[PDB]
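Here we start with a single chain on its own, the form deposited in one PDB entry, put down as structure tokens.
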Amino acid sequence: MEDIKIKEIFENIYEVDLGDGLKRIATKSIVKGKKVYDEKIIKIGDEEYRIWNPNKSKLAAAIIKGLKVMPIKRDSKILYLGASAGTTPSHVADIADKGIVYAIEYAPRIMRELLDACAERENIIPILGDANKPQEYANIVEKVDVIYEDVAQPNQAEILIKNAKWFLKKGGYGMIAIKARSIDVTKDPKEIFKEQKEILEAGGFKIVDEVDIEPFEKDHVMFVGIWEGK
């Protein structure tokens, strides 16, 4: 065997070095004795570190590929937008163990799956809604520190902007995973990303990070920006 090392990176996120040269990350589970999506676990005493698979989570992919700005902290209140079976939301809940995660889902069947996977993670608050109509859930979602978006639609950028106006604190952050082909099927992805970056900046964001999650997802880029205002 080789020396093993688990060290904290960012805030409440862990780098796992098994000594084989492969980059690995994990989160400290808030619901011990449970596997959300059959992920690998490193149990040290009572703590359980859940291996965060980049092939199953775009956020993990972004971190593995070099994300330097990770605004989600332990006490962060985050607005999660996008279809999910519980993978990324479970890890975000582990990180923000002293915070809250509002999960917006349109389809009852998706919310059903999310509810089964994030069962005992009580800091995750499910909200059946349409991200394109943020005013409908404005009496539930309090001002947030971070908005994480993963919706493969042509209007994904305006959706982030619309939700930022409604819920994002000034100085807060917007994290958005953009699938180029979900916006345009003809243009060059490089040009599509450039135009999307401009739309976000024109919308009120100052782009502070950009990560090509290339191996794990083709023609997908994670954008991170600070919300300045209107």
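All residue numbers are counted from 1 along the displayed sequence.
Q: Name the higher of the two by mean Cα B-factor in the PDB entry, 162 to 170 versus 37 to 45.
A: Looking at the record's C-alpha B-factors, the answer is 37 to 45.
Q: Averaging C-alpha B-factors over each stretch, which comes out higher, 47 to 55 or 174 to 182?
A: Between 47 to 55 and 174 to 182, it is 47 to 55.
Q: Reading the B-factor column of the entry, which of 130, 94, 120, 150 has the highest value at its C-alpha atom?
A: Comparing C-alpha B-factors across 130, 94, 120, 150, the top value belongs to 120.
Q: So if I compare the CA B-factors in the entry for 25, 207, 222, 22, which one is the largest?
A: If I rank 25, 207, 222, 22 by C-alpha B-factor, first place goes to 22.
Q: Would you mind ranking residue 18 by its C-alpha B-factor against the rest of the chain and naming the third, lowest, middle or highest?
A: Highest third - that is where residue 18 ends up once the chain's C-alpha B-factors are sorted.
Q: Going by the recorded CA B-factors, say which third of the chain residue 31 sits in, lowest, middle or highest.
A: CA B-factor rank for residue 31: highest third.
Q: Classify residue 113 as lowest, middle or highest third according to the C-alpha B-factor given in the PDB entry, relative to its own chain.
A: It falls in the top third of the chain.
Q: Using only modelled residues of the chain, where does the Cα B factor of residue 76 rank: lowest third, middle third or highest third?
A: For residue 76, whose C-alpha B-factor we compare with every modelled residue in the chain, the answer is the middle third.
Q: Which third of the chain does residue 105 land in by C-alpha B-factor: lowest, middle or highest?
A: For residue 105, the deposited C-alpha B-factor lands in the lowest third.
The protein also exists as the form solved in complex with a small molecule; that form is not presented, and the subsequent description refers to it.
Q: Would you please decide whether residue 40 lies within 4.5 angstroms of the small molecule in the deposited complex, comparing each non-hydrogen atom pair?
A: So residue 40 does not count as contacting the small molecule.
Q: Taking heavy atoms only, is residue 187 within 4.5 angstroms of the small molecule in the deposited complex?
A: Residue 187 lies outside the contact set for the small molecule.
Q: How about residue 150 - does it come within 4.5 Å of the small molecule in the deposited complex, if we only consider non-hydrogen atoms?
A: Answer yes; at least one heavy atom of residue 150 falls within 4.5 Å of the small molecule in the deposited complex.
Q: Considering non-hydrogen atoms and a 4.5 Å limit, does the small molecule approach residue 156 in the deposited complex?
A: Looking in the deposited complex, residue contacts with the small molecule do not include residue 156, since no heavy atom lies within 4.5 Å.
Q: Using a 4.5 Å heavy atom cut-off, indicate which stretch of 82 to 90, 133 to 141, 68 to 76, 119 to 127 touches the small molecule in the deposited complex.
A: Within 4.5 Å of the partner lies stretch 82 to 90.
Q: Which of 162, 35, 181, 56 has a heavy atom within 4.5 Å of the small molecule in the deposited complex?
A: Of the listed residues, the single hit is 56.
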